[PDB]
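Trainee: My structure is below; once you've seen it, I'll send some questions.
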Amino acid sequence: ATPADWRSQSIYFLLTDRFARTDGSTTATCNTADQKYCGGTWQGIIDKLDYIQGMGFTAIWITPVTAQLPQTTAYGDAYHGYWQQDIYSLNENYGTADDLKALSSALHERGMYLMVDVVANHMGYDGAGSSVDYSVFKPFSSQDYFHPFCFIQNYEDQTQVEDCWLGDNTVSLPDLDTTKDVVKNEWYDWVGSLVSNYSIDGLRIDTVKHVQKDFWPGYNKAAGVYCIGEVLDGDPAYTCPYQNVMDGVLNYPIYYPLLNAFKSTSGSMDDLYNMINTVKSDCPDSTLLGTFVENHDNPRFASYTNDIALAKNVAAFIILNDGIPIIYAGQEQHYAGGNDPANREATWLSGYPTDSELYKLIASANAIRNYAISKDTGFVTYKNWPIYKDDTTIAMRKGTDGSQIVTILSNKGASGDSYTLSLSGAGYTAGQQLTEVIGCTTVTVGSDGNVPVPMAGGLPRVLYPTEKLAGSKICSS
Ligand SMILES: *[C@@H]1O[C@H](CO)[C@@H](O)[C@H](O)[C@H]1NC(C)=O
Ligand SMILES: [Ca+2]
């Protein structure tokens with residue numbers, strides 16, 4: 001698929017080893033602290049697609065598929081897939097090439113896209129950087145294809161961040177010399193060949209900031225699909241520019257104030273407010289970025305607060321903000337693991353309850369989003385923008401006039417009081433009836449143009465014109 005095709009997508013991010021086993025067990029042991037392969041496979045994913053698609057997701061992003069280092073390191077196995085050694089072979093732990101082909105097929109059949117996580121920055125190796133036997137890596141079987149050995153000590157030195165190695169002497173990550181044309185051509189031919197042999201619709205590019213920019217354009221072109229990269233920095237000035245060399249990047253600029261705004265009933269609505277506008281103007285295209293508040297490199301949201309209402313609100317923001325929504329497997333089951341490895345819990349251990357509170361919130365949010373796009377070709381391109389905010393609230397508006405979705409979020413929490421917010425600025429016609437598609441209730445725009453929104457239980461409210469819902473099966477009553 002193309003970037004344009006992706007704008008309208010909703011991503012469910014999962015770790016192949018931790019989503020679903022071929023047998024389907026929901027009790028098979030997976031101690032995150034052991035950092036060992038727990039059994040997740042590609043076939044396991046196919047068997048649980050109903051579960052995923054049932055939340056309104058239109059795509060999935062799975063971790064890297066290349067063959068990893070074999071050893072169980074002092075830090076566990078390469079179950080996460082970021083320690084590759086043979087790029088022309090697949091991690092047999094997940095299955096065969098036929099399984100991977102069958103996975104994308106099952107998806108394309110459901111009208112869903114398949115996004116694959118790929119690493120061009122490094123290989124993995126069990127041991128000190130001085131003991132690396134380069135012949136092990138394929139095709140890059142020589143030390144020349146790599147940068148001289150050194151560990152990145154000063155992350156403020158970009159050249160270092162790009163020329164030195166990640167990891168340490170326990171588990172080092174041999175750093176490829178992405179300036180040598182032999183490397184680039186190999187990587188460009190590989191990625192193109194990869195997307196082709198597995199019918200991949202888009203790519204999530206790992207450690208994008210550790211590889212020099214002039215490498216990414218050709219990679220993105222060779223991929224022949226949409227590429228969203230991981231530039232691990234919350235500074236929009238440093239992160240957004242990468243979209244000039246790659247179709248999109250993960251929205252880490254929004255991530256931090258987003259998390260802080262809803263992780264407690266005293267979060268800063270201001271910071272989120274302003275980051276939204278800053279990104280909207282400074283970033284090449286906010287509608288091509290990826291929104292999230294939870295992933296495998298940060299404590300899960302629930303680790304900060306177990307408040308279900310706050311969880312609903314942050315999840316609602318992720319789905320309604322500009323760009324592509326990205327939910328990390330387990331988030332919908334209120335998982336609360338902390339920093340890696342604690343945040344790589346197996347999804348199956350939850351029992352895949354399709355009636356959990358966040359599973360429903362997400363379904364409802366994705367439903368209205370998916371519907372709106374189906375009737376408004378300008379939605380995905382309409383820059384979300386905040387129309388209101390107070391110490392515990394923020395409201396935004398997105399979508400062509402007459403068909404806009406107006407989202408009201410609150411960090412008051414589950415014990416939030418009940419009151420009426422007179423929302424101004426929504427832009428709906430006076431007297432028009434609206435449907436709050438999360439709780440499925442209506443509200444009528446006042447004569448003055450303001451919308452009396454009933455606030456309670458610190459719940460998120462999402463408005464859309466009731467008349468526009470004619471036909472759909474959103475809030476059938
Ligand atoms: C594409 O398929 C051929 C054989 O079917 C295989 O040899 C080649 O390595 C595959 N490309 C990649 C990068 O997997
Ligand atoms: Ca590098």
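By order in the structure tokens, chains are A, B, ...; within a chain, residues start at 1; ligands start at 1, following the order shown.
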Neighbours of ligand 1 at 7 Å or closer, counting only C-alpha atoms and all ligand atoms: which residues, as a PyMOL selection string?
Mentor: chain A and resi 88-89+190-191+193-194+197
Trainee: Skipping near chain neighbours, those fewer than 2 positions away, what residues fall within 9 Å of residue A:32 using only C-alpha atoms, listed as a VMD selection string?
Mentor: chain A and resid 30 34 to 36 38 340 to 346
Trainee: Rank A:160, A:85, A:71, A:63 by their smallest atom-to-atom distance to ligand 2, using only C-alpha atoms and all ligand atoms, and report the top residue only.
Mentor: A:160
Trainee: Which neighbours of residue A:82 fall inside 9 Å, counting only C-alpha atoms, when residues of the same chain fewer than 6 positions from it are skipped, and could you give them as a ChimeraX atom specification?
Mentor: /A:63-64,66,68,118-119,122-124,206
Trainee: Considering only C-alpha atoms, can you say which of A:137, A:273, A:19, A:12 comes closest to residue A:83?
Mentor: A:137
Trainee: Env of residue A:392: 12 Å cut, atoms = only C-alpha atoms, seq-sep filter 3 positions within chain, self excluded. Answer as an MDAnalysis selection string.
Mentor: chainID A and resid 261:270 272:273 310 313 388:389 395 408:413 416:417 421 455 458:460
Trainee: Keeping C-alpha atoms, export the residues of the selection given above as a PDB file, in the first residue's frame.
Mentor:
```pdb
ATOM      1  CA  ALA A 261      -1.878  14.418  30.568  1.00  0.00           C
ATOM      2  CA  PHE A 262      -3.837  11.251  31.375  1.00  0.00           C
ATOM      3  CA  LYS A 263      -1.615   9.249  33.743  1.00  0.00           C
ATOM      4  CA  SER A 264      -3.014  11.143  36.723  1.00  0.00           C
ATOM      5  CA  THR A 265      -5.901  13.441  37.540  1.00  0.00           C
ATOM      6  CA  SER A 266      -3.390  16.282  37.624  1.00  0.00           C
ATOM      7  CA  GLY A 267      -1.836  15.825  34.196  1.00  0.00           C
ATOM      8  CA  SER A 268      -1.056  18.888  32.092  1.00  0.00           C
ATOM      9  CA  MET A 269      -3.784  19.426  29.520  1.00  0.00           C
ATOM     10  CA  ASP A 270      -1.778  22.478  28.403  1.00  0.00           C
ATOM     11  CA  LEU A 272      -0.788  18.133  25.225  1.00  0.00           C
ATOM     12  CA  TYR A 273      -2.754  21.101  23.818  1.00  0.00           C
ATOM     13  CA  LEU A 310      -8.162   7.424  32.213  1.00  0.00           C
ATOM     14  CA  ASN A 313      -9.559   8.567  27.401  1.00  0.00           C
ATOM     15  CA  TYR A 388     -11.080  23.772  24.158  1.00  0.00           C
ATOM     16  CA  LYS A 389      -9.265  22.937  27.371  1.00  0.00           C
ATOM     17  CA  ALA A 395     -11.614  18.879  23.215  1.00  0.00           C
ATOM     18  CA  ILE A 408     -14.000  15.657  24.589  1.00  0.00           C
ATOM     19  CA  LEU A 409     -11.417  14.046  26.863  1.00  0.00           C
ATOM     20  CA  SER A 410     -11.018  14.274  30.633  1.00  0.00           C
ATOM     21  CA  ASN A 411      -8.441  13.251  33.203  1.00  0.00           C
ATOM     22  CA  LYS A 412     -10.824  13.457  36.166  1.00  0.00           C
ATOM     23  CA  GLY A 413     -10.707   9.679  36.440  1.00  0.00           C
ATOM     24  CA  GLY A 416     -15.043  12.146  38.308  1.00  0.00           C
ATOM     25  CA  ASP A 417     -18.124  14.152  39.217  1.00  0.00           C
ATOM     26  CA  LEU A 421     -19.847  21.171  29.980  1.00  0.00           C
ATOM     27  CA  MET A 455     -19.707  14.781  31.807  1.00  0.00           C
ATOM     28  CA  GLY A 458     -14.355  10.921  33.822  1.00  0.00           C
ATOM     29  CA  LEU A 459     -15.471   9.204  30.613  1.00  0.00           C
ATOM     30  CA  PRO A 460     -14.438  10.304  27.100  1.00  0.00           C
TER      31      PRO A 460
END
```
Trainee: With only C-alpha atoms and all ligand atoms counted and 10 Å as the cut-off, give the residues of chain A in contact with ligand 2, each with its shortest interatomic distance in Å and the pair that gives it, as CSV.
Mentor:
```
residue,atom,partner,partner_atom_place_in_ligand_line,distance
A:120,CA,ligand 2,1 (Ca),8.4
A:121,CA,ligand 2,1 (Ca),5.0
A:122,CA,ligand 2,1 (Ca),6.8
A:146,CA,ligand 2,1 (Ca),8.8
A:147,CA,ligand 2,1 (Ca),7.6
A:152,CA,ligand 2,1 (Ca),9.9
A:159,CA,ligand 2,1 (Ca),9.0
A:160,CA,ligand 2,1 (Ca),8.5
A:161,CA,ligand 2,1 (Ca),6.9
A:162,CA,ligand 2,1 (Ca),4.1
A:163,CA,ligand 2,1 (Ca),4.9
A:164,CA,ligand 2,1 (Ca),6.3
A:165,CA,ligand 2,1 (Ca),6.7
A:166,CA,ligand 2,1 (Ca),8.2
A:173,CA,ligand 2,1 (Ca),9.6
A:174,CA,ligand 2,1 (Ca),8.8
A:175,CA,ligand 2,1 (Ca),5.2
A:176,CA,ligand 2,1 (Ca),5.9
A:177,CA,ligand 2,1 (Ca),6.7
A:178,CA,ligand 2,1 (Ca),6.8
A:179,CA,ligand 2,1 (Ca),9.4
A:207,CA,ligand 2,1 (Ca),8.6
A:208,CA,ligand 2,1 (Ca),8.9
A:209,CA,ligand 2,1 (Ca),8.3
A:210,CA,ligand 2,1 (Ca),4.6
A:211,CA,ligand 2,1 (Ca),4.6
A:212,CA,ligand 2,1 (Ca),7.3
```
Trainee: Could the residues of stretch 287-387 of chain A that have an atom at most 10 Å from stretch 465-468 of chain A be listed as a tab-separated table, each with its closest atom pair and the distance in Å to one decimal, counting only C-alpha atoms and ordered by chain and ascending residue number?
Mentor:
```
residue	atom	partner	partner_atom	distance
A:371	CA	A:468	CA	9.8
A:372	CA	A:468	CA	8.9
A:375	CA	A:468	CA	8.7
```
Trainee: Rank A:289, A:200, A:225, A:254 by their smallest atom-to-atom distance to residue A:107, using only C-alpha atoms, and report the top residue only.
Mentor: A:200
